[PDB]
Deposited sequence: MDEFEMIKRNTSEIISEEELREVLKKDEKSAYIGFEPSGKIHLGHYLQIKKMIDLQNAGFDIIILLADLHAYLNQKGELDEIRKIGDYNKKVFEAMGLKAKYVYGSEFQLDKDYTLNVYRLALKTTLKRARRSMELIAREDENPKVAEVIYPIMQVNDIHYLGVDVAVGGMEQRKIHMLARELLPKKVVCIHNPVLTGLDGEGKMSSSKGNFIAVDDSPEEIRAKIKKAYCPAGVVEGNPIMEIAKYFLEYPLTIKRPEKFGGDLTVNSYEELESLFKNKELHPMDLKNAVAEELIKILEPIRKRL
């Protein structure tokens, strides 16, 4: 088995694998990830929750921070109106198999002790170090220090997130006494190859087939290919690609690796791959769609 390997699987980067190994040995450890409540939960989200579940299976206590305060300022609904969406999100994640504690940013991000720390942090952060991570607003340089403060406040051992905010985690290590292990998940490529290019975990078998069919997917090309990415990150192996007895016949790959190879040497054509991943994804998301 190995908990380290399970946590590491399908991650872009783990900022200090050696620290994680030390953290895994602790009798008590915790990890968190932030999400702005969202009406639709797509595969990007699901990818990350699967990671939290890996950590959950390794003995970590999970904390999901629901960024309602930020959602309020970005001008989404009212606090109580966002809470409804948040609780919905809570249902989805629970359906995904996550067992976590949920905290709404508004519960603590306006507290005096927390606000006082933002100002302290700001006195030690350069406008450069902060802008790092068409007309710039002040909020942009504040946001990353609030995030560092969240890491301090929630007391976690591990902070999880996409590869995008990987520089926001450089500040934490720089500005807080306790060093936290950062875990970064890959960023999924939009269905078109680049807002309607997402597959929702609760989309219908019809919609999924539809969204998949029109999807970007050059034969031979794997990098930046949304369909391949799905197969690498959600599909179970081995899996068999149903095939015309004349078109080459059934293919039985036992790993994403093999699949990748077949796709590169063009043994497997775009269409044949799409139908496989499509019906395959549909089964994998099925158990979640029901409880929703």
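Not built in the structure, per the record, are deposited positions 134 to 141, 203 to 208.
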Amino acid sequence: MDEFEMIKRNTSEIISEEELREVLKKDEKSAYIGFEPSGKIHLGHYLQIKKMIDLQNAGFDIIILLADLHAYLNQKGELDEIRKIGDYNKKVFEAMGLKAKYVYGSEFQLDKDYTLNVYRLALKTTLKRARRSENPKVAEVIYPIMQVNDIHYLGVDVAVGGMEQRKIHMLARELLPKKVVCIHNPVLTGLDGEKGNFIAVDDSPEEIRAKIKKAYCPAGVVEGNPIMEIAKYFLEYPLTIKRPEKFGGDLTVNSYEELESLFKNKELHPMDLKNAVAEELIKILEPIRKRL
From here on, numbers count along this sequence of modelled residues.
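Comparing 145 to 153 with 206 to 214, the higher mean C-alpha B-factor in the PDB entry belongs to 206 to 214. Comparing 106 to 114 with 76 to 84, the higher mean C-alpha B-factor in the PDB entry belongs to 76 to 84. Per the PDB record, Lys246 has a higher Cα B-factor than any other of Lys232, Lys51, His45, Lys246. Sorting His184, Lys167, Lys91, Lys179 by the CA temperature factor given in the entry leaves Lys167 at the top. When all modelled residues of the chain are sorted by CA temperature factor, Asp250 is found within the highest third.
When the CA B factors of the chain's modelled residues are split into thirds, the value for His70 lands in the highest one. In this PDB entry, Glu28 carries a Cα temperature factor that places it within the middle third of its chain's modelled residues.
Residue-level temperature factors show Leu268 in the highest third of its chain, judged at the C-alpha atom.
Remark: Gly34 belongs to the lowest third of its chain, ranked by C-alpha B-factor as recorded.
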